[PDB]
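> Experimental structure below, sequence on top.
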Amino acid sequence: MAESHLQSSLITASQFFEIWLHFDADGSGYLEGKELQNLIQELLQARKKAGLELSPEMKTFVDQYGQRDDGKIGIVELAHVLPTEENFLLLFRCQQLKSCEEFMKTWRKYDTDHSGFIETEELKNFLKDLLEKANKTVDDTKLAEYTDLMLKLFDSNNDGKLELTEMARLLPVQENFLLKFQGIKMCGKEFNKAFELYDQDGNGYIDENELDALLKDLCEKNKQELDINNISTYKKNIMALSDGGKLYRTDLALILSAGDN
């Protein structure tokens, strides 16, 4: 299949997601390291076989990732490795364009007062906002393939909505608190209760401070994913989805919800 779509056309997100899924054996929602040496090995092949020289990015993705055995890649890394959508990717990397933790700040803006996951009509609208960011307005071919990959590659329960791990899979794992935040999954139930704990005034609202008060649990819970150094930062990022410096938990829960859906 790769061999066909890899160097076939500018393939959409589910396709490139499939081609990459081909080697994405551990289905960890990310290409592995060896799988990368195994995938990237198929890339240079898709080129040699499909009669296309390997693009500096594929040949380099291979030169770069051909040794990322102790490394992993998200949807965005592979999204643009293959010529799936040089245009749709503009929003694809919109997560990594300036910041992994910052873009997410914008992800919740349209999320209807930030429900914790975008909607079908909202996310479908969200991609548009991506268009607003790319300053190009990625055509239907760019944003649709995207709109769908958002709710599909992350389909919590298949409602049509969007959670973070999709945006987190297409976002920059490099500094994203999410890739660690997923494993950081306390539990939507502990989220609700801890949050309530952070809700010291009993007002139903958590501010960017409680956020670090949230992380304090987290770092002590997993210094492997939550460092008390970046914890204040982990409080900062969830904050990115909060409301006017005061967070409505519907924004944080998504950061570390086990996947309550």
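Perfect, thanks for sending it. Numbering: from 1, shown residues only.

> quick one, strands of this structure?
Using DSSP state E, the strands of the chain run over residues 206-207, 246-247.

> In the protein, which residue sits furthest out from the middle?
Here the chain reaches farthest from its C-alpha mean at residue 201, the gap being 33.3 Å by CA atoms, centre = their mean.

> Mind listing residues that contact stretch 124-137?
Applying CB atoms under 8 Å, 6 or more residues apart in numbering, the contact partners of stretch 124-137 are 87, 90-91, 94, 97, 106-107, 109-111, 118, 138, 143-144, 146-147, 150, 162. Placement of C-beta: from N, CA and C, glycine included.

> So among these, which ones count as buried?
87, 90-91, 94, 97, 106-107, 110-111, 118, 138, 143-144, 146-147, 150, 162 (16 or more other CB atoms under 10 Å).

> How much space separates residue 37 from residue 218?
33 Å (CB to CB, to the nearest Å).

> Among those two, which residue is more densely surrounded?
Neighbours per residue, other CB atoms under 10 Å: of residue 37 and residue 218, the larger number sits with residue 218, 26 against 17.

> which residues touch the more buried one?
With the criterion set at CB under 8 Å, 6+ apart, residue 218 makes contact with 184, 186, 225, 226, 231, 234, 256.

> if you set the cut-off to 6 Å instead, what comes out?
184, 226 (CB atoms under 6 Å, 6 or more residues apart in numbering).

> Let the chain start at 544 from now.
With 544 as the first residue, the last one maps to residue 761.

> Quick check: it vs residue 769, distance?
Distance from residue 761 to residue 769, by CB to CB: 4 Å.

> intersection of neighbour lists for these two?
residue 727.

> Quick one: the helices in the stretch 644-793 of the chain, in order.
663-677, 683-695, 707-712, 721-726, 731-741, 751-764, 774-782 (DSSP state H, counting those that start in this stretch).

> buried residues in the longest one?
Buried positions in helix 663-677, judged by neighbour count with 16+ other CB under 10 Å: 665, 666, 667, 669, 670, 671, 672, 673, 674, 676, 677.
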